[PDB]
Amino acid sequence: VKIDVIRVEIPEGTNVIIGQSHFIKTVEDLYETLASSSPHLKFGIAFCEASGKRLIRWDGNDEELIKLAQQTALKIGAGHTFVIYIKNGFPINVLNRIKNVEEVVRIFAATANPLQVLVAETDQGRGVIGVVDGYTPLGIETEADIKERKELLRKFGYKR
């Protein structure tokens, strides 16, 4: 089987979340859970209908993010894949909501780092076999590094 490496565009200030789902109700459910997560979250959603007209189904409240979602979904081109781009918010704000959508099967990635999606192609179609999120590890953090990452979260206001 052939394996393609797909580069996912991630404009500055955005985060992308890519996963797998089923049933066209995926779109409205994702739209709804994201809209009720915060009044200021900006998002775009794309879902690959795997049968029938096989159309990229979409929705959201930000056209720029919607178009980015449609593009990435097309590049991947794997049936039942869904893509979400968000701005003015972070993946941790909505990751659990997404995992909890009844249509959602799994999530492949949630990141803002350079991202590649690995796609296998067969005689039937395309399927996601994984992703390359960011770079490989260079070393083990020290006590000084630990102190620094702890101060970071406290500075951002995530932890006390």
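Note that residue numbering follows the sequence shown and begins at 1.
K.L.:
Comparing 134 to 142 with 15 to 23, which has the greater mean CA B-factor as deposited?
P.N.:
On average, C-alpha B-factors are higher across 134 to 142.
K.L.:
Taking the entry's C-alpha B-factors for this chain, is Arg54 in the lowest, middle or highest third?
P.N.:
For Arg54, the deposited C-alpha B-factor lands in the middle third.
K.L.:
Is the Cα B-factor recorded for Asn93 in the lowest, middle or highest third of its chain?
P.N.:
CA B-factor rank for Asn93: lowest third.
K.L.:
Would the CA B-factor of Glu64 place it in the lowest, middle or highest third of its chain?
P.N.:
Its C-alpha B-factor belongs to the middle third of this chain's values.
K.L.:
Taking the C-alpha B-factors as the PDB entry records them, is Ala78 in the lowest, middle or highest third of its chain?
P.N.:
Its C-alpha B-factor, which the entry lists for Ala78, ranks in the middle third among residues of this chain.
K.L.:
Against its chain's modelled residues, does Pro114's Cα B factor rank lowest, middle or highest third?
P.N.:
CA B-factor rank for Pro114: middle third.
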